[PDB]
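Here's the structure, in structure tokens; my notes come after.
We name chains A, B, ... by the order of the sequence lines, and we start the count at 1 in each one.
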Amino acid sequence: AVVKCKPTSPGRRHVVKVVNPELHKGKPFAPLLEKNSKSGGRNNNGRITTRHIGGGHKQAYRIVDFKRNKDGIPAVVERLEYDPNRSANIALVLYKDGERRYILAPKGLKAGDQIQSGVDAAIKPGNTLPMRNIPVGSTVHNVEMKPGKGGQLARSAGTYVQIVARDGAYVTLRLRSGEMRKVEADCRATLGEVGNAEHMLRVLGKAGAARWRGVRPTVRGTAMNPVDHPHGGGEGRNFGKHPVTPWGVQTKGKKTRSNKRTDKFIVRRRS
Amino acid sequence: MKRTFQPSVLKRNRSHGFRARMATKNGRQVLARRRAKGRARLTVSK
RNA sequence: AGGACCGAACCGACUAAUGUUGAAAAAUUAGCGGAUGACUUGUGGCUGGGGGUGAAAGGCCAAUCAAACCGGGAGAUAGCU
RNA sequence: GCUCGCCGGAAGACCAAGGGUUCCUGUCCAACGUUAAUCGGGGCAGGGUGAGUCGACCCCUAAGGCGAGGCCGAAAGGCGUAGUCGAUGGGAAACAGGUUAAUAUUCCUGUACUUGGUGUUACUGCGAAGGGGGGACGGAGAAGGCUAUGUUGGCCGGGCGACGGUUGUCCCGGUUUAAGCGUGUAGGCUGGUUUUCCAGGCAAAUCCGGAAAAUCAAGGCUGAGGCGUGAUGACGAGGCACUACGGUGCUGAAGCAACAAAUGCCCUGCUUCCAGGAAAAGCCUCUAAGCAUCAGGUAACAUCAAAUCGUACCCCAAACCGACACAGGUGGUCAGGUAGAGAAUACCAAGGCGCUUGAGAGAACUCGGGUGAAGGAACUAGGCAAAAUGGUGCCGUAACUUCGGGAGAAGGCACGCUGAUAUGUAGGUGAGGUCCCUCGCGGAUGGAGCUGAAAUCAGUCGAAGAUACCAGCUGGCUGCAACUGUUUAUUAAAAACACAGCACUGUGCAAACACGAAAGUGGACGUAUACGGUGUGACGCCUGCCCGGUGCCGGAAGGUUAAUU
RNA sequence: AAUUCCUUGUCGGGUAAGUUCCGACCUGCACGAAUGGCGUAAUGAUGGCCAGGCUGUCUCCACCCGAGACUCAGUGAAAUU
């Protein structure tokens with residue numbers, strides 16, 4: 001649920017929290033944990049390649065099964081756990097053969113629900129099937145770009161993909177961005193949407209909240225100096241030039257897609 | 001007032017030690033120059 | 001519960017005086033700010049000069065920074081002293 | 001040697017880092033020491049550092065480094081796999097007393113403990129570069145049970161007072177004892193046991209996971225402290241013989257109880273929150289290939305081994321970093337008494353110091369302070385500085401407001417000591433006794449003893465009772481920025497930067513983008529409720545008109561237009 | 001007006017006296033709506049202004065306690081020329 005903090009002090013006045021009582025209030029599944037060392041936005045050369053990254057709370061990676069290749073073995077949802085590595089929640093599912101795995105939690109999933117994967121699986125939320133068997137017009141998530149590569153599209157808190165048409169060996173999808181893209185009609189997809197739709201309603205409320213996420217402060221650019229940024233300085237605030245990134249690219253409408261290997265699978269771009 | 005030099009033997013050897021100099025071609029050139037000059041102490045090893 | 005309150009340690013450096021061949025190449029004394037946090041600190045590691053890093057002052061990068069230091073081109077050139 | 005003064009959350013004590021003989025003894029005083037010097041961290045000589053248990057080494061790994069082949073690159077070289085290094089982290093074991101001029105958990109005495117090798121005896125499924133478990137982990141908060149430790153009483157030894165009193169409800173000192181072993185308590189967690197089956201754990205598995213039955217309710221694990229033992233010992237205030245008045249043999253009393261109590265321990269617990277909180281080995285199990293009248297495994301006993309290096313001394317400082325015996329800087333551990341909320345503050349204990357020129361004088365002027373007639377900001381760019389306010393309880397408290405605040409608003413009253421209520425109350429603690437019980441570190445009852453606020457009434461001293469140190473000046477209007485934060489180390493702390501929020505725009509993943517001749521890496525083990533860039537800057541009401549210019553995004557007819565031909 | 005040159009604009013408030021400050025006026029030299037406009041409780045070692053208290057800030061300095069200054073003994077610099 002969405003709850004607004006009382007203004008007992010500055011920094012809590014505008015805080016809006018998303019509290020889920022159904023989430024597991026305990027330690028995660030140790031066998032599926034892994035070490036996740038922070039990088040600070042620096043590559044193997046030691047240089048900052050992506051700015052505004054650093055600090056934040058320590059996190060342990062959860063091995064989420066994006067492939068869902070366990071076919072024909074029913075699984076039962078044990079509990080839903082908070083995942084610090086992604087906006088969406090995850091569910092610990094116990095297969096009937098005694099195996100436990102982590103999967104993205106769909107919208108209407110809760111403890112005790114039954115899920116299955118394979119060609120013969122039922123058309124219910126949480127089930128993963130190849131898009132060939134998925135009825136046209138269905139809502140799916142964790143879509144696979146290539147057969148067997150694992151889900152890659154629509155994995156955010158409340159995102160989903162709609163199957164628009166099936167033309168032979170390909171199916172046309174409408175992504176959350178509005179793009180119309182086609183993929184082979186053999187990729188796996190999970191029914192339903194991701195069930196953390198309230199995630200977008202949270203309000204951090206204070207600067208320190210962003211620092212917890214590991215986001216370092218952003219310096220605008222119009223106020224540093226001519227040497228550091230094209231927007232430069234000037235006596236007072238001038239900014240008398242076209243908006244531009246560092247390194248000199250416009251970025252106020254200028255497009256930067258230059259793949260040319262894809263775009264055979266792109267029907268419409270967006271908007 | 002904290003000053004520039006804060007001694008630490010481990011860091012001293014790792015930065016300017018004999019093995020560190022031998023680890024790279026440029027470092028080996030430093031030893032060659034010092035040997036040619038006749039330096040009594042090649043590095044800060046001890 | 002809180003980038004909550006008062007206030008030591010701890011971290012800061014707003015005012016004044018002194019000092020200015022100083023006790024000190026930036027400190028002392030009396031007050032002053034934060035003091036569970038975007039906090040602070042030990043050890044080790046990584047980023048190298050038209051480059052790094054920068055909650056952005058052209059700040060900082062060994063008391064040196066609008067392009068560090070050392071060696072070399074080099075006895076640069078100097079219609080100027 | 002006797003006084004005086006200073007620090008005492010250190011200006012005491014013990015370490016790391018760093019230094020490297022500054023340690024101890026003898027000797028010397030040229031130089032060094034801001035003076036003298038017989039003295040010294042100075043010169044010279046000699047002597048000092050003793051470990052199976054402390055640390056390193058060693059086993060294990062983090063960030064990261066290196067990196068066989070490999071990929072990439074004019075060369076140099078870059079990146080990286082298998083691997084191998086890398087603590088600031090994980091991993092076996094020793095305590096008390098005594099002792100040296102200088103070392104000790106290292107030597108000595110006493111009493112322990114750990115991991116290995118080998119041997120004998122008995123019983124035996126052993127086996128990993130594999131599987132599983134464990135190791136293994138956040139913030140905040142709340143108590144409860146304890147100890148370190150302190151106070152008082154009791155007990156033991158001593159004392160009877162330089163000046164009135166002091167044989168008593170008087171004064172001084174002591175009242176200490178470890179690891180280990182045994183007990184398994186306050187308290188924390190988890191339902192046990194047995195049988196059958198199984199698409200799971202790269203193969204297997206009796207192990208882990210999963211499923212289905214039956215049977216019992218008591219099983220197990222973890223766990224401070226206490227108690228017993230260790231200990232007929234050691235230590236012990238003070239005696240008695242030696243006694244070069246430097247110090248040794250021997251002997252040596254009491255050695256209990258109550259209360260208070262941690263920031264330390266139970267607690268890697270419990271509760272709760274979102275920002276969701278290392279790895280690997282040792283360790284415990286599981287089997288595979290293999291080996292089975294063997295080898296190995298378990299247990300008992302015996303025996304042997306536990307090497308090597310560090311160990312002096314300083315370590316908030318005269319020994320480290322600052323050229324100095326320099327008002328500087330420097331991480332961890334220990335934490336006594338009275339008052340106090342307190343690690344503030346004042347005075348003290350243990351302990352350590354008076355800071356390496358002094359002696360006089362008592363001018364101007366400067367510095368650091370005390371007081372002040374009358375006036376009270378007339379000073380000045382400006383209340384700069386100074387003065388002032390200052391505590392606890394109770395009463396009381398405005399506009400405005402985002403309903404939290406504003407607020408400790410403002411303002412007012414009471415504070416000492418003595419006695420009584422009450423020979424010390426409410427409360428806390430809790431012995432003896434009685435009873436019960438699965439006869440235990442148990443439960444109930446019981447209230448001795450000890451500890452002990454706060455309040456009321458009465459009395460009483462002073463000019464003054466929050467008397468010292470300590471310890472908010474307050475109120476009114478207004479600009480700017482929402483706020484906490486950040487910044488020119490060394491003249492600028494701000495209205496500047498960040499900021500949550502908002503918007504535009506790019507980005508379908510081999511993403512955009514960035515670092516790289518490249519490989520590759522970051523973005524991200526993320527996937528449009530995501531990520532990058534740009535502007536604005538909480539919140540509230542809002543964000544109007546203009547696309548000619550420049551930019552960006554589309555367009556398809558025509559014109560012009562490179563290499564090439 | 002952090003923006004107004006003329007300028008100490010004009011009027012009112014506050015003062016015995018107000019180039020500052022506060023409230024209005026609009027003749028905006030040369031405000032203006034995300035290089036955001038206008039408000040805004042709270043916050044601020046932030047800018048301006050006014051009060052109560054307070055005082056050696058001052059009228060106007062006086063005395064006193066310490067460290068120097070001064071004298072004696074020892075040691076023994078510096079810039080400049």
Pairing defined as Watson-Crick or G-U wobble with both contacts under 3.5 Å. Yes or no for E:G13 and E:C21? yes
Among D:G533, C:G51, D:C553, the one nearest any side-chain atom of A:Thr251 is D:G533
Short side-chain N/O contact to C:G54 OP1/OP2 from A:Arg51, under 4.0 Å: no
Can you check whether any acceptor in the base of D:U521 is under 3.5 Å from a donor in the side chain of A:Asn43, or vice versa? yes
Whole-Å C1' distance, D:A335 and D:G8: 12 Å
Tell whether A:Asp228 reaches the base of C:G54 with its side chain through a donor-acceptor pair below 3.5 angstrom. yes
Where the side chain of A:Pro74 is defined as all heavy atoms beyond and including C-beta, which of D:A199, D:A500, C:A55 is the nearest nucleotide? D:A199
Just N and O in the side chain of A:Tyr160: are any of them under 4.0 Å from OP1 or OP2 of D:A528? no
Please tell me which of the listed nucleotides, C:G45, D:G508, D:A63, lies nearest to the side chain of B:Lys11? C:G45
Is any side-chain nitrogen or oxygen of A:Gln59 closer than 4.0 Å to OP1 or OP2 of D:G276? yes
Would you mind telling me which of D:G18, D:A538, D:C499 lies closest to the side-chain atoms of B:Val9? D:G18
Just N and O in the side chain of A:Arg181: are any of them under 4.0 Å from OP1 or OP2 of D:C509? yes
Considering only the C1' atoms, how many Å lie between D:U34 and E:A78, rounded to the nearest integer? 16 Å
Return no unless some side-chain N or O of A:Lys206 is found under 4.0 Å from OP1 or OP2 of C:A38. yes
Out of D:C274, D:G209, D:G322, which nucleotide sits closest to the side chain of A:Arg100? D:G209
Using atom CG of A:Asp263 as one end and atom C1' of D:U507 as the other, report the distance to the nearest whole Å. 15 Å
It should be established whether B:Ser8 places a side-chain nitrogen or oxygen under 4.0 Å from OP1 or OP2 of nucleotide C:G44. yes
NA contact type, A:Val203, heavy-atom cut-off 4.0 Å: base, sugar-phosphate, or nothing? sugar-phosphate
For A:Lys252, is the groove with a base atom under 5.0 Å from any side-chain heavy atom the major or the minor one? minor
Base, sugar-phosphate, or nothing for A:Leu94, non-hydrogen atoms under 4.0 angstrom? sugar-phosphate
Can a side chain N or O of A:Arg213 be found less than 4.0 Å away from OP1 or OP2 on D:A275? yes
May I ask you to say what A:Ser9 touches in the nucleic acid, namely base, sugar-phosphate or nothing, with a heavy-atom cut-off under 4.0 Å? sugar-phosphate
Are OP1 or OP2 of D:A528 and a side-chain N or O of A:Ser156 less than 4.0 angstrom apart? yes
Is the backbone N or O of B:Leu42 less than 3.5 Å from a side-chain atom of B:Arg34, with the two atoms forming a donor-acceptor pair by type? yes
With heavy atoms under 4.0 Å as the rule, sort A:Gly208 into base, sugar-phosphate or nothing. base
Side-chain N or O of A:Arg269 closer than 4.0 Å to phosphate OP1/OP2 of D:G508: yes
Is the distance from OP1 or OP2 of D:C274 to the nearest side-chain N or O of A:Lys17 less than 4.0 Å? yes
Given C:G54, D:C483, D:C273, which nucleotide is nearest the side-chain atoms of A:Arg42? C:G54
Roughly how far apart, to the nearest Å, are D:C309 and D:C291 at atom P? 47 Å
Does the ring of A:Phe239 meet both stacking tests against the six-membered base ring of D:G535: centre distance under 5.5 Å and plane angle under 30°? no
Tell me which nucleotide among D:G18, D:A199, D:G506 gets nearest to the side chain of A:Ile73. D:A199
For the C1' atoms, the ones on D:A373 and on D:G383, what distance do you get once it is rounded to whole angstrom? 24 Å
Between D:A179 and D:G225, how far is it from one P atom to the other, in whole Å? 9 Å
When you look at D:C79 and D:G230 together, do they satisfy the Watson-Crick or wobble criterion (both atom distances under 3.5 Å)? no
